[PDB]
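*Asks:* Here's a structure for you.
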Amino acid sequence: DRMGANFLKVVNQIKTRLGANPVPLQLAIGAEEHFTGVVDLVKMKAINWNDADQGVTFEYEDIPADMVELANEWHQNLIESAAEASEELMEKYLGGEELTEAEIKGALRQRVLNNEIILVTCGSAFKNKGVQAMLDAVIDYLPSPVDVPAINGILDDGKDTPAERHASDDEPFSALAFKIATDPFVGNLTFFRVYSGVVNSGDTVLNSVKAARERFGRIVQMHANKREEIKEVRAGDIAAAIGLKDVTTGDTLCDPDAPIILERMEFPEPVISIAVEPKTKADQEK
Amino acid sequence: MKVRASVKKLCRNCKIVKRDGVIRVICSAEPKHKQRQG
Amino acid sequence: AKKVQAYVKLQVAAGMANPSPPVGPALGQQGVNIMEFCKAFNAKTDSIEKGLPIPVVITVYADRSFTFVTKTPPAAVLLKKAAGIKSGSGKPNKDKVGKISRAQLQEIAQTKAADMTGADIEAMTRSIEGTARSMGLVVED
Amino acid sequence: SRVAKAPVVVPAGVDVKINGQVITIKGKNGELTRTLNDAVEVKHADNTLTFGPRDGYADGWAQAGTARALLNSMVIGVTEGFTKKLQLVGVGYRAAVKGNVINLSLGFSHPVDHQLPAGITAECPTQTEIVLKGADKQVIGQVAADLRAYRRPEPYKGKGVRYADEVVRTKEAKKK
RNA sequence: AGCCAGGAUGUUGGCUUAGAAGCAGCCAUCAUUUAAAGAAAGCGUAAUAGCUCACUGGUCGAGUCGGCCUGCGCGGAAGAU
């Protein structure tokens, strides 16, 4: 909703600078100030938004008459994007079997596990124009923890046997340690995410890469700000693996007699170095 | 336009024309080389 | 040959494949693949013992084309290839070290006579005596 | 002089109305008249126009030296014309022609739409390029320079409105 | 004085070569062709590509140019019922 904001320029600028292959889907209706419609091209439906409300309507209509031909020349490039994704849609682009909304995404979802095309969407966050539109693609173009290759614990030093473990609750427990913040209540905190398996409350969770013993305290979830005590952590939640005695960047959070990860890749280098000096001589003690 | 009593032809391509009577000296790329009095 | 578009003669010792930064721009004038000028000259560079600056000229053409002329190394660096040091000009008329007679100068001029139409034998002889006096070198025969 | 060695050749298709000091040129698409000063002696001699400085006003070599350059431009301006293109380099800045009015997307809290006088057929191939067409050499610059004076060429980015042939000198920040 | 107009081309011009590559600066300060070119004036610039001065080589086809002396003129020149 700004001047100079050409949607078709930027997505066709990626093919020049970033060198990628983007085929966009949700196009633009409106001259950026009277902007009212976002042109979803699979279902060929424009969406009405709020007069100025923080979120009332979702009214779907047809393609408006002021863009009846740009929808024509851009939908035919959408339905190209499955004939060269899977080899089986090659003979019905030319034969003329109908390219429905549901059929084309079954090929393009498998085009996200290799990542040759990215899926683009224009709209406004602040003007409440597109946010309610942007959620339905996440369940259909962004991958799930059970649709991906799951936890792959290799071994330790014996042999390189990468083992795809299960994404369900039927595995040994596994997690990782990252975003390990602090607090003046308990000391150390984490923002950890469990990939599969279920843990109960109270566990001898180790950190099996650095040979240390830790015990699993009272886990707390947030609204990104507020303390909500999560007792039973299910497979896929993100919480605070509290009470770790020592913890490093990206080591395992795993019960013994189980698969084990040992992985720390791209340890950075903080470059600019400034020397802090105390104010009082009581300060250098603290 | 800086003012000073001396208009000295300073830049290599410095035009001089008498607009209104008071001399002001015309460079091309340098705005710094333009005086007006004298 | 050509005109106000482009004509600069700059090439230094051809043991270095990568275009040296100051030479870069004479290759950075009319859109070359810099791998092409590396692959053009190396078929004949394996007939030399490298160490002297060998010159080429660049000359251009309309679409994406270009051309270049191969000659022999100049006698100015041939004066200071035999003399051992590459830079002797510290004081021209106050240094008297190092002699080469005219016979060396003409046999490095036959390779000019077998390559180029200017830089003739007898006319360059005083300038190959003139690059000696500026370096502070002596000549006798 | 050089101007005295410069007579102007009127072609067929442009008619002169010599009422002495007042000449009204009947041309192709307009009427380019100039009421000159009395330091001139005008005569459309055969076809090539000849002029002369009047006595007393011996500085009329200047005052008709303007005129020799003047009427040459007038007979070629009423027929062929001037392409005066301007280059809009501004973040979110557009240009669009309707009737005889130009919009000015000029980074303000309010739109500026100024109506442009006669002797102007303006056009706009895009949001950054804008044609101006005219018959007098003065009017093809005067309406052009007013737009350029609303947003002068900024010499830290290259921002501003600028002519087609004009080349700015943009500098560098050099401190922060 | 302008439009075409080559900026004929030996060379990297050293030093000290990291670039001080005609264009940072000290000593030389020759010129292969001299109907047009200096081992050189600035900008582009770490260096150069870009743009010129150099001779205007070809067109206009007549006057033109830089200083010395005086007659006068302009600026310099802003004050308080």
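Here, residue 1 is simply the first one shown, and the rest follow in order.
A Cβ is built for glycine as well, from the same backbone N, Cα and C atoms used for every other residue.
Swiss-Prot lists C:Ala1 with the feature N,N,N-trimethylalanine, giving experimental evidence as the kind of evidence. The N6,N6,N6-trimethyllysine annotation in Swiss-Prot covers C:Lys3, C:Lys39. Feature annotation from Swiss-Prot assigns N6-succinyllysine to C:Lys71, C:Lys80.
What does the local environment look like for each feature on the list?
*Replies:* DSSP classifies C:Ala1 (N,N,N-trimethylalanine) as coil under the three-state reduction.
Its Cβ taken as reference, C:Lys3 (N6,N6,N6-trimethyllysine) is surrounded by 7 other Cβ atoms within 10 Å in the chains shown.
C:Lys39 (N6,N6,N6-trimethyllysine) falls within a helix when secondary structure is assigned with DSSP. Close to C:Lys39 (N6,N6,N6-trimethyllysine) in the fold, though at least 6 residues off in sequence, lies no residue with a CB less than 8 Å from its CB.
Non-local neighbourhood of C:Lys71 (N6-succinyllysine): C:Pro55, C:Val56, C:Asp115, C:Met116, each in the same chain, at least six residues away, with C-beta under 8 Å from its C-beta.
Look at C:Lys80 (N6-succinyllysine): DSSP puts it in a helix. Sequence-distant neighbours of C:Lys80 (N6-succinyllysine) (same chain, six or more apart, CB under 8 Å from its CB) are C:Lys86, C:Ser87, C:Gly88, C:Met135, listed in sequence order.
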*Asks:* For C:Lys71 (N6-succinyllysine), what is the secondary structure state per DSSP, taken as helix, strand or coil?
*Replies:* coil
*Asks:* List every residue in the same chain as C:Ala1 (N,N,N-trimethylalanine), at least 6 positions away in sequence, whose Cβ is under 8 Å from its Cβ.
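*Replies:* Those within reach of C:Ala1 (N,N,N-trimethylalanine), by Cβ under 8 Å and sequence separation of 6 or more, are C:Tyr7, C:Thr59.
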